[PDB]
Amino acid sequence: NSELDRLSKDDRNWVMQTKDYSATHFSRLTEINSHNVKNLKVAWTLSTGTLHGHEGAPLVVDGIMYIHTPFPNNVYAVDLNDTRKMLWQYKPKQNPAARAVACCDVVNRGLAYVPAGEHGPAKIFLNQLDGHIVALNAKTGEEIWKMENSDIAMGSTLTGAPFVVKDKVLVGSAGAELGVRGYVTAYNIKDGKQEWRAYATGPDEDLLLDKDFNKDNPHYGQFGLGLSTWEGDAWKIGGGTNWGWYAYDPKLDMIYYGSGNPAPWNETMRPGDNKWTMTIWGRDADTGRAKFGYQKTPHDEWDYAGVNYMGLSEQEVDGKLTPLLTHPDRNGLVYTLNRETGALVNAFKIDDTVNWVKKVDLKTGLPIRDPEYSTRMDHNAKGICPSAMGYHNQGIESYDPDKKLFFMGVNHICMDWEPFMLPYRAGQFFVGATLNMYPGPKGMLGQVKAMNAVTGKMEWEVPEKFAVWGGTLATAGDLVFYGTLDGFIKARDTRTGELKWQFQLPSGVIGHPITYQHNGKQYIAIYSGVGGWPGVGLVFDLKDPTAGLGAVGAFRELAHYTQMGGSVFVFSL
(Lines of atoms letter the chains of each structure in order from A and count residues from 1; the text may use other names and numbers.)
(Lines give C-alpha, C1' and ligand atoms only; values in the text may rest on other atoms or scores of the structure.)
Protein backbone atom coordinates (compact mmCIF):
# COMPACT_ATOMS: atom_id res chain seq x y z
CA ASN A 1 0.00 0.00 0.00
CA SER A 2 1.79 3.17 -1.19
CA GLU A 3 0.02 5.59 1.15
CA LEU A 4 0.73 3.26 4.15
CA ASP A 5 4.33 3.21 3.04
CA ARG A 6 4.43 6.99 2.91
CA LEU A 7 2.80 7.31 6.35
CA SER A 8 5.46 4.96 7.74
CA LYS A 9 8.25 7.43 6.82
CA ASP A 10 6.76 10.18 9.04
CA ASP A 11 8.16 10.11 12.62
CA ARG A 12 4.81 11.14 14.03
CA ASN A 13 3.52 7.71 13.13
CA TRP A 14 3.99 4.00 13.95
CA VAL A 15 1.67 2.54 11.38
CA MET A 16 2.31 -1.21 11.58
CA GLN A 17 3.82 -3.57 14.23
CA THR A 18 7.04 -3.80 12.16
CA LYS A 19 7.12 0.10 11.84
CA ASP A 20 7.57 -0.18 8.09
CA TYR A 21 7.49 -2.69 5.34
CA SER A 22 11.18 -3.51 5.75
CA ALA A 23 10.64 -4.16 9.49
CA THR A 24 13.52 -1.85 10.34
CA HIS A 25 12.20 -0.94 13.80
CA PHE A 26 14.56 2.02 13.46
CA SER A 27 13.71 5.63 14.23
CA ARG A 28 15.54 8.71 13.02
CA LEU A 29 14.33 10.67 16.12
CA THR A 30 17.24 11.88 18.22
CA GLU A 31 15.70 13.95 20.97
CA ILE A 32 16.19 10.95 23.22
CA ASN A 33 19.79 9.81 22.80
CA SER A 34 22.60 7.98 24.50
CA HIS A 35 23.78 11.05 26.42
CA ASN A 36 20.39 12.05 27.94
CA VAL A 37 18.38 8.78 28.12
CA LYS A 38 19.27 8.58 31.82
CA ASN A 39 16.72 11.46 32.32
CA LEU A 40 13.83 9.62 30.64
CA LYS A 41 10.70 9.57 32.86
CA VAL A 42 7.19 8.18 32.75
CA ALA A 43 4.95 10.66 30.97
CA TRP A 44 1.60 8.94 31.30
CA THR A 45 0.09 5.42 31.47
CA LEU A 46 -3.06 3.49 30.52
CA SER A 47 -4.49 0.16 31.79
CA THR A 48 -5.60 -2.40 29.22
CA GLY A 49 -8.18 -3.97 31.57
CA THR A 50 -6.95 -7.51 31.00
CA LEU A 51 -4.19 -9.79 32.29
CA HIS A 52 -2.20 -12.41 30.37
CA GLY A 53 0.59 -11.74 27.91
CA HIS A 54 0.63 -8.42 25.99
CA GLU A 55 2.49 -9.02 22.74
CA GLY A 56 3.08 -6.57 19.88
CA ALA A 57 2.72 -2.84 20.73
CA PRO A 58 0.46 0.12 20.09
CA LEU A 59 0.04 1.72 16.69
CA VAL A 60 0.09 5.52 16.31
CA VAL A 61 -1.37 7.21 13.25
CA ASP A 62 -2.66 10.76 12.63
CA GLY A 63 -2.36 11.60 16.36
CA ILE A 64 -4.34 8.59 17.65
CA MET A 65 -2.78 5.66 19.56
CA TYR A 66 -4.46 2.28 19.17
CA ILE A 67 -4.14 -0.38 21.90
CA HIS A 68 -5.09 -4.06 21.79
CA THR A 69 -5.29 -6.93 24.36
CA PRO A 70 -4.87 -10.59 24.76
CA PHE A 71 -8.18 -12.61 24.70
CA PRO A 72 -10.89 -11.38 24.35
CA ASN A 73 -8.87 -8.90 22.16
CA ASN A 74 -10.36 -5.59 23.14
CA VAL A 75 -9.22 -2.59 21.13
CA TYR A 76 -9.16 1.10 22.28
CA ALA A 77 -8.25 4.33 20.58
CA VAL A 78 -6.71 7.32 22.41
CA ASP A 79 -6.36 10.86 21.01
CA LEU A 80 -2.83 11.96 21.91
CA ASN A 81 -4.16 15.42 22.78
CA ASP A 82 -6.47 13.88 25.50
CA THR A 83 -4.59 10.84 26.82
CA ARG A 84 -7.04 10.12 29.66
CA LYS A 85 -10.11 9.57 27.46
CA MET A 86 -10.84 6.58 25.29
CA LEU A 87 -11.96 7.88 21.89
CA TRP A 88 -13.66 4.57 21.05
CA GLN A 89 -13.62 0.91 22.18
CA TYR A 90 -14.38 -2.37 20.55
CA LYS A 91 -15.09 -5.35 22.78
CA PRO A 92 -15.31 -8.70 20.98
CA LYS A 93 -17.85 -11.39 22.04
CA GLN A 94 -15.87 -14.66 21.57
CA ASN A 95 -16.44 -18.27 22.63
CA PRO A 96 -14.35 -18.78 25.74
CA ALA A 97 -13.60 -22.28 24.47
CA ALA A 98 -11.01 -20.45 22.20
CA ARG A 99 -8.78 -20.29 25.21
CA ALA A 100 -8.57 -24.03 25.56
CA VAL A 101 -6.90 -24.48 22.12
CA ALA A 102 -4.18 -21.86 22.56
CA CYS A 103 -1.00 -23.71 23.16
CA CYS A 104 0.96 -20.99 24.92
CA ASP A 105 -1.36 -18.35 26.49
CA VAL A 106 -3.85 -16.20 24.72
CA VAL A 107 -1.51 -13.58 23.21
CA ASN A 108 -2.42 -11.35 20.14
CA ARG A 109 0.43 -9.75 18.26
CA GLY A 110 -1.60 -6.75 17.40
CA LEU A 111 -3.44 -4.42 15.19
CA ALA A 112 -2.87 -3.28 11.58
CA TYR A 113 -3.98 -0.11 9.89
CA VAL A 114 -4.80 1.16 6.37
CA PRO A 115 -5.41 4.84 5.42
CA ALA A 116 -8.63 5.96 3.74
CA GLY A 117 -8.95 5.46 -0.01
CA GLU A 118 -11.35 4.12 -2.63
CA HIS A 119 -12.04 1.19 -0.34
CA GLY A 120 -13.54 3.54 2.12
CA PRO A 121 -12.44 5.12 5.34
CA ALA A 122 -9.29 4.38 7.32
CA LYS A 123 -9.49 1.01 9.00
CA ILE A 124 -8.00 -0.87 11.93
CA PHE A 125 -7.69 -4.60 11.50
CA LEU A 126 -7.89 -7.18 14.29
CA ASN A 127 -7.29 -10.96 14.25
CA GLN A 128 -9.28 -12.51 17.06
CA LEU A 129 -8.13 -15.68 18.88
CA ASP A 130 -11.42 -17.29 17.77
CA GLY A 131 -10.33 -17.08 14.18
CA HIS A 132 -12.07 -14.03 12.82
CA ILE A 133 -10.51 -11.14 10.89
CA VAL A 134 -12.33 -7.86 11.76
CA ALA A 135 -12.18 -4.46 10.02
CA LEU A 136 -13.02 -1.47 12.16
CA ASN A 137 -13.38 2.20 11.29
CA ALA A 138 -10.10 3.77 12.53
CA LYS A 139 -11.83 7.01 13.65
CA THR A 140 -15.06 5.65 15.20
CA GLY A 141 -14.52 2.03 16.03
CA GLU A 142 -17.52 0.93 14.03
CA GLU A 143 -17.39 -2.65 12.82
CA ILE A 144 -17.24 -2.60 9.04
CA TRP A 145 -16.86 -6.31 8.23
CA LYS A 146 -15.92 -9.61 9.87
CA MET A 147 -15.03 -12.93 8.24
CA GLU A 148 -14.18 -16.41 9.50
CA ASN A 149 -10.62 -17.41 8.81
CA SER A 150 -9.82 -20.24 11.32
CA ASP A 151 -12.05 -22.73 13.19
CA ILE A 152 -11.41 -23.26 16.92
CA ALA A 153 -13.16 -26.64 16.79
CA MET A 154 -10.21 -27.87 14.69
CA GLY A 155 -7.68 -26.32 17.13
CA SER A 156 -7.17 -23.45 14.67
CA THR A 157 -6.75 -19.92 16.20
CA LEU A 158 -5.22 -16.60 15.28
CA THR A 159 -2.44 -14.96 17.16
CA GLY A 160 -0.30 -13.18 14.59
CA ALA A 161 -1.03 -9.65 13.51
CA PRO A 162 -2.84 -8.85 10.22
CA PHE A 163 -0.63 -7.29 7.52
CA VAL A 164 -1.82 -4.71 4.96
CA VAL A 165 -0.44 -4.72 1.41
CA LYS A 166 -2.14 -2.67 -1.34
CA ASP A 167 -5.89 -3.35 -1.16
CA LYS A 168 -5.43 -6.61 0.86
CA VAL A 169 -5.10 -7.68 4.46
CA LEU A 170 -3.12 -10.88 5.10
CA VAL A 171 -4.22 -13.20 7.85
CA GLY A 172 -2.06 -16.10 9.06
CA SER A 173 -2.81 -19.21 11.05
CA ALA A 174 -2.03 -20.92 14.33
CA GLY A 175 -2.49 -24.38 15.81
CA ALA A 176 0.46 -26.56 14.62
CA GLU A 177 0.47 -28.02 18.18
CA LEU A 178 -3.03 -29.30 17.27
CA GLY A 179 -2.20 -30.59 13.77
CA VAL A 180 -3.47 -27.58 11.92
CA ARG A 181 -2.17 -27.40 8.40
CA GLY A 182 -0.91 -23.87 7.88
CA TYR A 183 -2.35 -21.36 5.48
CA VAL A 184 -2.08 -17.61 4.84
CA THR A 185 -5.06 -15.76 3.36
CA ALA A 186 -5.43 -12.36 1.59
CA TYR A 187 -8.78 -10.55 2.03
CA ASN A 188 -9.88 -7.47 0.09
CA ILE A 189 -9.96 -4.55 2.51
CA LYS A 190 -13.22 -3.09 1.09
CA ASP A 191 -15.54 -6.05 1.54
CA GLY A 192 -13.56 -8.87 3.17
CA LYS A 193 -13.66 -11.00 0.04
CA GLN A 194 -11.06 -13.77 0.07
CA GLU A 195 -8.65 -13.14 -2.75
CA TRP A 196 -6.17 -16.05 -2.35
CA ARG A 197 -5.16 -18.68 0.13
CA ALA A 198 -1.77 -20.43 0.17
CA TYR A 199 -1.21 -23.67 2.23
CA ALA A 200 2.18 -24.74 3.61
CA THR A 201 1.88 -28.46 2.69
CA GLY A 202 0.16 -30.57 0.16
CA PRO A 203 -0.45 -30.47 -3.56
CA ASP A 204 1.16 -27.79 -5.64
CA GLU A 205 -2.13 -26.07 -6.39
CA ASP A 206 -2.73 -25.60 -2.68
CA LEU A 207 0.86 -24.24 -2.13
CA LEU A 208 0.20 -21.55 -4.75
CA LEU A 209 3.48 -21.67 -6.71
CA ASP A 210 4.57 -19.41 -9.56
CA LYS A 211 5.37 -21.34 -12.79
CA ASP A 212 8.93 -20.07 -12.13
CA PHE A 213 9.08 -21.10 -8.43
CA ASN A 214 12.71 -21.34 -7.30
CA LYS A 215 14.01 -20.96 -10.86
CA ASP A 216 17.08 -19.19 -9.44
CA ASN A 217 17.74 -21.97 -6.82
CA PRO A 218 16.41 -25.22 -8.24
CA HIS A 219 18.44 -27.18 -5.69
CA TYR A 220 16.02 -25.86 -3.01
CA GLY A 221 13.36 -28.01 -4.56
CA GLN A 222 10.55 -27.05 -6.94
CA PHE A 223 7.35 -29.02 -7.74
CA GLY A 224 5.49 -31.90 -6.06
CA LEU A 225 7.40 -31.59 -2.75
CA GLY A 226 4.40 -30.68 -0.63
CA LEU A 227 3.33 -34.32 -1.28
CA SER A 228 6.47 -36.28 -2.01
CA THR A 229 8.29 -35.25 1.26
CA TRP A 230 5.48 -36.78 3.35
CA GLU A 231 4.25 -40.34 3.64
CA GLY A 232 0.70 -40.69 2.42
CA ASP A 233 -1.81 -38.12 3.77
CA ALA A 234 0.29 -37.04 6.82
CA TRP A 235 0.55 -33.53 5.18
CA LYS A 236 -3.19 -32.99 5.86
CA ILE A 237 -2.48 -32.35 9.56
CA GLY A 238 1.07 -31.27 8.86
CA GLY A 239 1.58 -27.90 10.54
CA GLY A 240 3.34 -25.03 8.85
CA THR A 241 1.07 -22.38 10.40
CA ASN A 242 2.29 -18.75 10.07
CA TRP A 243 1.76 -16.80 13.24
CA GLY A 244 4.74 -14.46 13.02
CA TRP A 245 5.61 -11.42 10.94
CA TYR A 246 5.84 -10.31 7.29
CA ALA A 247 7.81 -7.91 5.20
CA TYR A 248 7.10 -6.41 1.81
CA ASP A 249 9.26 -4.95 -0.98
CA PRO A 250 6.95 -2.68 -3.11
CA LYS A 251 9.55 -2.47 -5.99
CA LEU A 252 9.41 -6.29 -6.37
CA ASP A 253 5.79 -6.49 -5.24
CA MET A 254 6.76 -9.43 -3.00
CA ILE A 255 5.66 -10.43 0.55
CA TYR A 256 8.05 -12.38 2.79
CA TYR A 257 7.18 -14.59 5.80
CA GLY A 258 8.04 -17.91 7.38
CA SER A 259 6.00 -21.03 7.69
CA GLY A 260 6.00 -22.91 11.02
CA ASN A 261 6.86 -26.37 12.31
CA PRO A 262 5.51 -29.67 11.00
CA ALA A 263 3.05 -31.57 13.16
CA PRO A 264 3.28 -33.63 15.32
CA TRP A 265 6.45 -32.78 17.29
CA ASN A 266 7.18 -36.58 17.19
CA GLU A 267 9.43 -36.73 14.15
CA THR A 268 9.22 -40.50 13.78
CA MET A 269 5.50 -40.22 12.99
CA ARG A 270 6.20 -38.09 9.86
CA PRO A 271 9.13 -39.31 7.85
CA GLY A 272 10.34 -37.00 5.02
CA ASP A 273 11.55 -33.43 4.62
CA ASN A 274 7.94 -32.29 5.36
CA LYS A 275 7.91 -29.49 2.81
CA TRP A 276 7.03 -26.65 2.90
CA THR A 277 6.97 -26.30 6.65
CA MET A 278 9.94 -24.31 8.05
CA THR A 279 10.20 -22.28 4.82
CA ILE A 280 11.19 -18.68 4.02
CA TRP A 281 8.70 -17.62 1.29
CA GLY A 282 8.74 -14.80 -1.26
CA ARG A 283 5.23 -14.51 -2.67
CA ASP A 284 3.66 -12.24 -5.33
CA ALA A 285 1.38 -9.84 -3.51
CA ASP A 286 -1.50 -9.79 -5.96
CA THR A 287 -1.71 -13.50 -6.59
CA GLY A 288 -0.02 -15.10 -3.63
CA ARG A 289 2.19 -17.18 -6.02
CA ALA A 290 5.50 -18.10 -4.50
CA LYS A 291 8.52 -17.06 -6.46
CA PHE A 292 10.96 -18.62 -3.98
CA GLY A 293 10.79 -20.91 -1.05
CA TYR A 294 13.79 -21.96 1.04
CA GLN A 295 13.26 -24.70 3.62
CA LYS A 296 15.51 -23.87 6.58
CA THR A 297 14.86 -26.96 8.72
CA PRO A 298 13.97 -30.04 6.70
CA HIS A 299 12.28 -32.75 8.70
CA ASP A 300 12.07 -30.68 11.84
CA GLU A 301 12.94 -32.61 15.03
CA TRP A 302 12.86 -29.75 17.49
CA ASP A 303 9.86 -27.48 17.01
CA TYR A 304 12.06 -24.79 15.44
CA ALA A 305 8.89 -23.04 14.16
CA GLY A 306 10.02 -20.97 11.22
CA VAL A 307 7.82 -17.92 11.84
CA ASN A 308 10.29 -15.29 13.07
CA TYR A 309 10.45 -11.84 11.60
CA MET A 310 11.96 -10.80 8.25
CA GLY A 311 14.17 -7.64 8.28
CA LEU A 312 14.87 -6.12 4.86
CA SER A 313 18.09 -4.20 4.10
CA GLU A 314 20.34 -3.22 1.21
CA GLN A 315 24.01 -4.14 1.86
CA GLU A 316 27.14 -5.03 -0.10
CA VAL A 317 27.68 -8.64 -0.84
CA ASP A 318 31.11 -9.32 -2.50
CA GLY A 319 31.20 -5.61 -3.35
CA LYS A 320 27.72 -5.39 -4.97
CA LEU A 321 24.84 -3.53 -3.30
CA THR A 322 22.12 -6.15 -2.95
CA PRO A 323 18.47 -6.27 -1.73
CA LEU A 324 18.41 -8.62 1.27
CA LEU A 325 16.22 -10.21 3.91
CA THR A 326 17.65 -11.24 7.23
CA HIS A 327 15.80 -13.68 9.53
CA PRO A 328 16.90 -14.96 12.97
CA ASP A 329 15.29 -18.35 13.13
CA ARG A 330 14.17 -20.40 16.12
CA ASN A 331 16.85 -22.94 15.01
CA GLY A 332 19.57 -20.58 16.08
CA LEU A 333 20.76 -19.63 12.64
CA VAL A 334 20.59 -16.09 11.18
CA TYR A 335 19.72 -16.34 7.53
CA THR A 336 20.39 -13.69 4.95
CA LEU A 337 18.95 -14.16 1.51
CA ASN A 338 18.82 -12.12 -1.68
CA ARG A 339 15.14 -11.08 -1.53
CA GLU A 340 14.71 -10.94 -5.30
CA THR A 341 16.21 -14.37 -6.16
CA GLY A 342 16.02 -16.22 -2.91
CA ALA A 343 19.72 -17.02 -3.07
CA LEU A 344 21.41 -17.76 0.25
CA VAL A 345 24.02 -15.17 1.22
CA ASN A 346 24.80 -16.33 4.76
CA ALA A 347 23.48 -18.56 7.53
CA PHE A 348 25.51 -18.24 10.74
CA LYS A 349 24.99 -19.32 14.32
CA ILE A 350 23.44 -16.68 16.53
CA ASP A 351 25.37 -18.20 19.46
CA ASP A 352 28.18 -20.77 19.03
CA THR A 353 26.46 -23.29 21.29
CA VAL A 354 23.85 -24.20 18.67
CA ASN A 355 24.42 -27.97 18.18
CA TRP A 356 21.62 -29.66 16.18
CA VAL A 357 23.52 -28.49 13.04
CA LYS A 358 27.24 -28.41 12.52
CA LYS A 359 26.90 -25.72 9.87
CA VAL A 360 24.93 -24.76 6.82
CA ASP A 361 26.57 -25.67 3.54
CA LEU A 362 25.89 -22.38 1.69
CA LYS A 363 26.32 -23.93 -1.80
CA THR A 364 23.85 -26.69 -1.26
CA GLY A 365 21.76 -24.64 1.12
CA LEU A 366 21.49 -27.72 3.46
CA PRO A 367 22.04 -27.79 7.23
CA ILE A 368 24.52 -30.55 8.07
CA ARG A 369 22.84 -32.35 10.95
CA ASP A 370 24.69 -33.65 14.02
CA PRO A 371 23.04 -37.02 14.86
CA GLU A 372 24.15 -36.70 18.47
CA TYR A 373 21.47 -33.97 18.81
CA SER A 374 18.62 -35.56 16.87
CA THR A 375 15.26 -36.46 18.31
CA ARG A 376 13.54 -39.79 17.72
CA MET A 377 11.22 -42.30 19.29
CA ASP A 378 12.63 -44.53 22.04
CA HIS A 379 15.17 -41.97 22.95
CA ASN A 380 15.54 -39.10 25.46
CA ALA A 381 17.79 -36.66 23.64
CA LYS A 382 19.76 -34.50 26.04
CA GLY A 383 21.45 -31.12 25.76
CA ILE A 384 19.97 -29.95 22.43
CA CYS A 385 20.63 -26.25 21.64
CA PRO A 386 18.41 -24.41 20.88
CA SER A 387 15.38 -25.68 22.78
CA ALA A 388 11.99 -25.54 21.10
CA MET A 389 11.66 -22.01 22.46
CA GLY A 390 14.56 -21.16 20.07
CA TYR A 391 17.59 -18.90 20.42
CA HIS A 392 15.19 -16.32 18.86
CA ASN A 393 11.39 -16.28 19.10
CA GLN A 394 8.50 -13.85 18.14
CA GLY A 395 10.28 -10.52 18.95
CA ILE A 396 10.56 -8.05 16.03
CA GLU A 397 14.16 -6.90 15.95
CA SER A 398 15.93 -3.79 14.66
CA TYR A 399 18.39 -2.57 12.09
CA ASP A 400 20.58 0.56 12.17
CA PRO A 401 21.33 1.24 8.49
CA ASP A 402 24.23 3.56 9.25
CA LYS A 403 26.00 0.97 11.34
CA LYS A 404 24.76 -1.99 9.31
CA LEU A 405 23.94 -3.75 12.54
CA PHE A 406 20.93 -5.76 13.61
CA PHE A 407 20.14 -5.61 17.35
CA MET A 408 18.40 -8.71 18.71
CA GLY A 409 17.07 -10.02 21.99
CA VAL A 410 18.25 -13.60 22.13
CA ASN A 411 17.31 -16.62 24.22
CA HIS A 412 19.87 -19.04 25.67
CA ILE A 413 17.74 -22.12 26.46
CA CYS A 414 18.60 -25.78 25.86
CA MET A 415 16.52 -28.93 26.22
CA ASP A 416 15.97 -32.62 26.64
CA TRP A 417 13.32 -34.17 24.46
CA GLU A 418 11.59 -37.55 24.25
CA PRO A 419 8.72 -38.24 21.85
CA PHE A 420 5.74 -40.43 22.31
CA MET A 421 3.14 -41.97 20.04
CA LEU A 422 -0.32 -40.45 19.96
CA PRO A 423 -3.43 -40.29 17.85
CA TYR A 424 -4.74 -37.29 15.88
CA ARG A 425 -8.27 -36.20 16.86
CA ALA A 426 -9.40 -32.83 15.50
CA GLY A 427 -9.68 -30.23 18.20
CA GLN A 428 -7.26 -31.97 20.55
CA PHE A 429 -3.55 -31.32 21.15
CA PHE A 430 -1.23 -33.28 18.79
CA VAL A 431 2.23 -32.64 20.25
CA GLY A 432 3.76 -36.04 21.05
CA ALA A 433 6.91 -35.02 22.97
CA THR A 434 8.03 -34.46 26.61
CA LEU A 435 10.51 -31.67 27.18
CA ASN A 436 12.63 -30.32 29.96
CA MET A 437 14.33 -26.93 29.38
CA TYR A 438 17.15 -25.14 31.15
CA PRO A 439 19.77 -22.51 30.48
CA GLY A 440 22.30 -23.02 27.77
CA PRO A 441 25.97 -23.67 28.52
CA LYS A 442 26.77 -19.98 29.27
CA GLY A 443 24.51 -20.18 32.27
CA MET A 444 21.95 -17.38 31.75
CA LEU A 445 18.61 -17.52 29.84
CA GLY A 446 18.95 -14.40 27.62
CA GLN A 447 21.30 -12.16 25.76
CA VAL A 448 21.24 -8.99 23.65
CA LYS A 449 23.52 -8.98 20.58
CA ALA A 450 24.50 -6.66 17.77
CA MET A 451 25.65 -8.20 14.55
CA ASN A 452 26.39 -7.73 10.88
CA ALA A 453 24.11 -10.13 9.02
CA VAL A 454 26.23 -10.40 5.91
CA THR A 455 29.57 -11.15 7.59
CA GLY A 456 28.24 -12.73 10.81
CA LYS A 457 30.50 -10.50 12.86
CA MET A 458 29.26 -9.89 16.39
CA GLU A 459 29.80 -6.31 17.42
CA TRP A 460 28.82 -6.85 21.04
CA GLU A 461 26.95 -9.37 23.24
CA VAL A 462 25.60 -8.86 26.80
CA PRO A 463 23.92 -11.29 29.16
CA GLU A 464 20.39 -11.05 30.51
CA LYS A 465 18.87 -12.91 33.41
CA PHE A 466 15.90 -14.03 31.38
CA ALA A 467 15.34 -14.65 27.68
CA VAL A 468 14.77 -11.37 25.81
CA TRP A 469 11.41 -12.14 24.16
CA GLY A 470 9.73 -8.97 22.99
CA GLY A 471 12.15 -7.63 20.35
CA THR A 472 13.82 -4.27 20.06
CA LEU A 473 13.71 -0.65 18.90
CA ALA A 474 16.78 1.14 17.61
CA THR A 475 17.26 4.84 17.06
CA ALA A 476 19.61 7.42 15.59
CA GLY A 477 20.20 8.55 19.12
CA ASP A 478 22.49 5.52 19.29
CA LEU A 479 20.12 3.51 21.50
CA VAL A 480 18.42 0.21 21.40
CA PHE A 481 15.43 -0.23 23.73
CA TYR A 482 13.80 -3.47 24.80
CA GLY A 483 11.77 -4.92 27.58
CA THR A 484 12.61 -7.90 29.78
CA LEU A 485 10.57 -10.81 31.16
CA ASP A 486 11.39 -9.72 34.70
CA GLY A 487 9.74 -6.38 34.08
CA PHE A 488 12.25 -3.77 33.01
CA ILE A 489 12.52 -1.54 30.06
CA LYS A 490 16.14 -0.97 29.21
CA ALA A 491 18.23 1.11 26.87
CA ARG A 492 21.72 0.29 25.66
CA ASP A 493 24.25 2.23 23.56
CA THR A 494 24.30 0.67 20.23
CA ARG A 495 27.95 1.16 19.57
CA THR A 496 29.03 -0.86 22.64
CA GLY A 497 26.05 -2.40 24.39
CA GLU A 498 26.61 -0.38 27.53
CA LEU A 499 23.49 -0.10 29.69
CA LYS A 500 22.38 3.57 29.82
CA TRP A 501 18.90 3.44 31.43
CA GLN A 502 16.37 1.13 32.96
CA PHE A 503 12.99 1.49 34.50
CA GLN A 504 10.99 -1.02 36.60
CA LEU A 505 7.61 -1.64 34.89
CA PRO A 506 4.78 -3.35 36.74
CA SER A 507 5.01 -6.67 34.85
CA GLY A 508 7.28 -8.48 32.50
CA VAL A 509 7.46 -7.44 28.85
CA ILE A 510 6.85 -9.65 25.83
CA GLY A 511 6.24 -7.03 23.16
CA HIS A 512 8.38 -4.37 21.61
CA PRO A 513 8.92 -0.65 22.33
CA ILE A 514 7.69 2.02 19.89
CA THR A 515 8.66 5.68 19.50
CA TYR A 516 6.83 8.55 17.84
CA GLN A 517 6.84 12.33 17.80
CA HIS A 518 3.73 14.09 19.00
CA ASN A 519 3.50 17.90 19.01
CA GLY A 520 7.22 18.34 18.68
CA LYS A 521 8.29 15.93 21.42
CA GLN A 522 9.60 12.32 21.26
CA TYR A 523 7.83 9.60 23.28
CA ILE A 524 8.69 5.93 23.81
CA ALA A 525 5.84 3.49 24.55
CA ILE A 526 5.56 -0.15 25.56
CA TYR A 527 3.15 -2.77 26.88
CA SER A 528 3.72 -4.30 30.35
CA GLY A 529 2.06 -7.63 30.99
CA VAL A 530 3.88 -10.89 31.13
CA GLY A 531 2.71 -14.18 29.63
CA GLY A 532 3.23 -15.91 26.39
CA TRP A 533 5.27 -19.13 26.40
CA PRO A 534 7.81 -18.06 29.05
CA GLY A 535 5.04 -16.91 31.36
CA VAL A 536 2.83 -19.97 31.04
CA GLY A 537 3.88 -21.30 34.39
CA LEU A 538 2.99 -18.18 36.24
CA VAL A 539 -0.10 -17.44 34.18
CA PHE A 540 -1.68 -20.89 34.69
CA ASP A 541 -0.14 -21.79 38.09
CA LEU A 542 1.80 -24.77 36.66
CA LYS A 543 4.44 -26.60 38.67
CA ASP A 544 5.38 -29.77 36.70
CA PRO A 545 8.68 -28.71 34.92
CA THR A 546 7.65 -30.55 31.80
CA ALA A 547 4.30 -28.66 31.61
CA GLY A 548 3.85 -25.73 29.29
CA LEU A 549 5.56 -27.77 26.58
CA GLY A 550 8.74 -27.76 28.80
CA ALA A 551 8.81 -24.02 29.58
CA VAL A 552 7.63 -24.38 33.18
CA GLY A 553 10.91 -25.75 34.53
CA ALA A 554 13.14 -23.28 32.60
CA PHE A 555 11.13 -20.25 33.77
CA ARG A 556 10.30 -21.35 37.31
CA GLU A 557 12.15 -18.38 38.82
CA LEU A 558 10.19 -15.77 36.79
CA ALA A 559 7.32 -15.71 39.30
CA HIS A 560 9.68 -14.41 41.96
CA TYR A 561 10.00 -11.23 39.95
CA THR A 562 6.69 -10.53 38.18
CA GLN A 563 3.01 -11.04 38.38
CA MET A 564 0.61 -10.73 35.52
CA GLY A 565 -0.43 -7.22 34.54
CA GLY A 566 -1.72 -5.18 31.59
CA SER A 567 -0.66 -1.58 31.00
CA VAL A 568 0.78 0.84 28.48
CA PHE A 569 3.67 3.03 29.64
CA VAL A 570 4.68 6.14 27.77
CA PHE A 571 7.99 7.87 28.43
CA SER A 572 9.46 11.25 27.56
CA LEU A 573 12.04 13.77 28.56
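Just count from 1 along the sequence shown to find any residue number.
- Comparing 20 to 28 with 547 to 555, the higher mean C-alpha B-factor in the PDB entry belongs to 547 to 555.
- Legend: mean Cα B-factor per stretch from the PDB entry, 85 to 93 versus 312 to 320; the higher mean is in 312 to 320.
- Out of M389, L473, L499, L111, it is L499 whose C-alpha atom has the highest B-factor in the PDB entry.
- Of all the options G427, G487, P162, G260, the entry's greatest CA B-factor is assigned to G427.
- The deposited CA B-factor of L4 belongs to the middle third of values across its chain.
- Ranked by C-alpha B-factor against the other modelled residues of its chain, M65 falls in the lowest third.
- In the deposited entry, the Cα temperature factor of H54 sits in the bottom third of values across the chain's modelled residues.
- In the deposited entry, the Cα temperature factor of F420 sits in the top third of values across the chain's modelled residues.
- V42 sits in the lowest third of its chain by CA B factor, as recorded in the PDB entry.
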